[PDB]
Amino acid sequence: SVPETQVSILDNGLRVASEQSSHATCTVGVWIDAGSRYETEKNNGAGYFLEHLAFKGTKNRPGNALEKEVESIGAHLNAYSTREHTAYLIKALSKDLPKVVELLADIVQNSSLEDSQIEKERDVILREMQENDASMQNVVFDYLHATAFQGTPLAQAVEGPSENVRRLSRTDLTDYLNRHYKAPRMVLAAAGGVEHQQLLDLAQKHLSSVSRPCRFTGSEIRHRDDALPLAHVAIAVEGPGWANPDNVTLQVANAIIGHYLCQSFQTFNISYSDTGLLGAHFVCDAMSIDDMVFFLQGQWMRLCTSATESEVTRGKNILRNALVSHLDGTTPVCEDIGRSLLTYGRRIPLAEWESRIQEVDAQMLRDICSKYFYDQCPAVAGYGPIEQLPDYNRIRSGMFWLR
Amino acid sequence: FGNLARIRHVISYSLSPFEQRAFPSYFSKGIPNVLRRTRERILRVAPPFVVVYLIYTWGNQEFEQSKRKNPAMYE
């Protein structure tokens, strides 16, 4: 009896979905199908820099008076950008539902990009990037994306290269804004104490104006810097995509893999439009580097060859307990709702997820794992003291067993 | 390994064997390179073996002449 997420797309193309909950606090967001994948290397940081500029004032609400409004009701304002999606979300009370929607309308259209601000946000972005290098796992995952999707718009980062950041102007931004902010590529998602008819009327009142070959590459990239205390290594293979159901099975396998040797093991299934990265990013000391790998590759081949029913049942329980991702909290659900409408075109209910989980057994798990892991060329990204990290022949030979 | 050396900031890109052509431009640049190579080493290598060939021939011919009977002798 999962609460349905009623959806009401506009003629402009603005899908308006919402799910009501007891919480008297509601989270409302706008999702846009626009990321670094839609950028063409001349505007590689346009989405990030617009995400910085989007809260610095609009035409109707000039400057900090705008954020004074979102202080006045005590609401929280957040935004994020990925390689495929951009989100602007507000967590507020239920009774403040209209003005929040109106605020979101300004943020998506009628936004004002001040030239003064552009220089200030350039120094912010430039500096952050100049210090972003500090976060290793971000460096390793960016390296993995670059070496796995070389020559494609999926290699380039969300932030872009410092070059573009410095070389960006209002008009360029205006373009990205006027090009990738179309109404049919937009979802107004609401979760929590909201009524769907009131939210649909508010979307009709404001926001009714919005205008109406991906390739994986196996490659060894190695950023060696021996002064760092720890090494971060990510190994991935090509993922299926958003719409392919065996993702669910792969999620179970990821669960079964879990994390057993050197510290900081983990597993990811990053999905983009009919592509993705499925793999693991461990981080460790000089010696463990290899074994962990060796360790890690063995587990993958075990999931390709010797999966039993007990670990499959454990992975199914871990995945179901992971449906808590949906939970009931306004934010997470809203977020989930946001993607559902952008990626699948519909909100998949938790009962359908439970059905797709319970149809997974050990035989189809090792079949799908052999389809996606066995004898595949991986993408490897290492950063730190990575001399004992094995080169591409040893990893590629560890991607299969002679028995 | 892991302790062999200390390098820093040297990024190293590579490709999978099956993803790249086995003999990229093998005769395309191979010939130029082999020829490039031969012209950087031929003056250091060849003239000793040239004078070995001259000394070998000389020795042979000289030896023959040595063996050839002295016409003036025995007459």
Residues that are farther than 26 Å from A:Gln197 by Cα, under 23 Å from the mean Cα position of the chain (by Cα) and of a type in the set (A, V, I, L, M): does the stretch A:22-44 have at least one?
yes
Pairs only if they're at least six apart or on different chains, beta carbon under 6 angstrom, first in the stretch B:1-14 and facing chain A (nearest Cβ under 7 Å), second of a type in the set (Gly, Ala, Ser); list them, first residue then second.
B:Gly2/A:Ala286; B:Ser14/A:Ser219
In the stretch A:258-280, anything of a type in the set (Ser, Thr, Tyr) and closer than 14 Å to A:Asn244 by Cβ is listed as A:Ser271, A:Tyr272, A:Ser273, A:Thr275
Report yes if A:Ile32 is within 22 Å of A:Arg346 (Cα to Cα) and of a type in the set (A, V, I, L, M, F, W, C), otherwise no.
yes
Taking helices (runs of 4 or more DSSP H) that do not extend beyond the stretch A:113-180, which have at least 2 residues that are buried (at least 17 other Cβ atoms within 10 Å of the Cβ) and either aliphatic (A, V, I, L, M) or in contact with a strand residue (DSSP E or B) (Cβ under 8 Å, 6 or more places away or on another chain) (or both)?
A:115-132, A:136-148, A:170-180
Which is β-branched (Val, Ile, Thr), crowded, with 20+ Cβ neighbours inside 10 Å and within 14 Å of chain B (Cβ to nearest Cβ), of A:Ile386, A:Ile337?
A:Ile386
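Can A:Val324 be described as under 26 Å from the mean Cα position of the chain (by Cα) and surrounded by fewer than 15 Cβ atoms within 10 Å (Cβ to Cβ)? Quick ask: steps written out before the conclusion?
Numbers: under 26 Å from the mean Cα position of the chain (by Cα): yes; surrounded by fewer than 15 Cβ atoms within 10 Å (Cβ to Cβ): yes.
For A:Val324, the condition - under 26 Å from the mean Cα position of the chain (by Cα) and surrounded by fewer than 15 Cβ atoms within 10 Å (Cβ to Cβ) - is met.
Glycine gets a Cβ as well: all are built from the backbone with ideal geometry, and neighbour counts include every protein chain shown. Throughout, read-outs are computed from the coordinates displayed, never taken from laboratory work.
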